[PDB]
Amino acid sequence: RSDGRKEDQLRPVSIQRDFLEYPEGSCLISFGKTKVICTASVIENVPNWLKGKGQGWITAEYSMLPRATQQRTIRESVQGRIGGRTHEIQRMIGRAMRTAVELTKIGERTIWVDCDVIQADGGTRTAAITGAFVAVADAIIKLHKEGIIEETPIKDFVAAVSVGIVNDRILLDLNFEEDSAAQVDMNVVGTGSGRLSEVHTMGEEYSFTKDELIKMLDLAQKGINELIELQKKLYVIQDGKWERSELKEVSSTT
C-alpha cells in the first residue's frame, strides 16, 4: 500500500475524550490524516412526533470544513444548494447512535450529535460514527452523574470501518486515493457483541460476487473489533452500568 500499510491493517487510530468543555460528551478521533470532532449535546426537548411518548431521541449533524481531501469542501451555507450526501451520512450516524441506546430510558430529551470533519483523507463517515459513539456514551454517563437520569442506558459499543477492492486487492480502511481508485467499496457499522447495524456495498461501475462481499464483510468485522477494543479502554462497564475509565486518550499501538 501507498503508506506501507498491510492490506488487513488500519491506519493509526486515536480517540481523545473531553476534547471540549461545553458539550456533555466530546472527542477528537483520527484515522490517519482523517480527523473528526464529535460532540454530543443534550437538548431538553424532543421532536413533535415523539412528544408524550415517553422516549428520547438522538439526531446527528455532519459537516465537512472547506479544507478536505487537501481540496475545497465549501459548507452547505454560503453556497446555496444542499447536498443529499451530507443527509445520507447524517441519517447513518443517527441510526448508529440510536441502535446503541435504549431511548426509552433517556427521558423526553434529545442528544444532538455533531460531527465536524476538520481534515479529510478517506473514511470520514466511519471515523465520525466511531467517534460519535464515544461522545454519546460520555454524554449519557454525564447525564447520569448529574442525576438527570437513573441508569446509563447504553446497549453496546458501536464502530465503523470502510473496506474496498482496489486493483483486485481487498483493502481495509481506505484513504482517499485508494477509495477513488476502487472498483468496489463499502461501509460497515458493527456492535461490540460482534453484530452488524449497517452495511452498504457499492460497485463503482464494476460488479462483485456474493463471496467477494463476504470476504470484505469479514475483514471489516475485524476492523470493527480493533476499533471497539480501543473504545473499550475508555470505559469500565459492569452489569449495564457505565463509567469512564481514567483514560483521556487511547490510540492504536499500530
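In this text, residue numbers run from 1 along the sequence as written.
Novice: Going by the mean C-alpha B-factor recorded in the entry, which is higher: 238-246 or 7-15?
Specialist: So the stretch with the higher mean C-alpha B-factor is 7-15.
Novice: Higher average CA B factor in the deposited record is what I'm after, so tell me if that's 120-128 or 179-187.
Specialist: The deposited B-factors put 179-187 ahead on the C-alpha mean.
Novice: Pick out which of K142, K155, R91, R85 has the highest C-alpha B-factor in the PDB entry.
Specialist: Largest recorded C-alpha B-factor: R85.
Novice: If you check the C-alpha B-factor for each of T209, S41, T34, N48 in the entry, which is highest?
Specialist: It is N48.
Novice: Where does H200 sit by CA temperature factor within its chain: lowest, middle or highest third?
Specialist: Its C-alpha B-factor, which the entry lists for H200, ranks in the lowest third among residues of this chain.
Novice: Going by the CA temperature factor in the PDB record, which third of the chain does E151 belong to: lowest, middle or highest?
Specialist: As the PDB entry reports it, the C-alpha B-factor of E151 lands in the middle third of its chain.
Novice: Ordered by C-alpha B-factor within the chain, which third holds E108? Give me lowest, middle or highest, please.
Specialist: Highest third - that is where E108 ends up once the chain's C-alpha B-factors are sorted.
Novice: Classify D114 as lowest, middle or highest third according to the C-alpha B-factor given in the PDB entry, relative to its own chain.
Specialist: Its C-alpha B-factor, which the entry lists for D114, ranks in the middle third among residues of this chain.
Novice: Place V163 in the lowest, middle or highest third of its chain's C-alpha B-factors, as listed in the PDB entry.
Specialist: For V163, whose C-alpha B-factor we compare with every modelled residue in the chain, the answer is the middle third.
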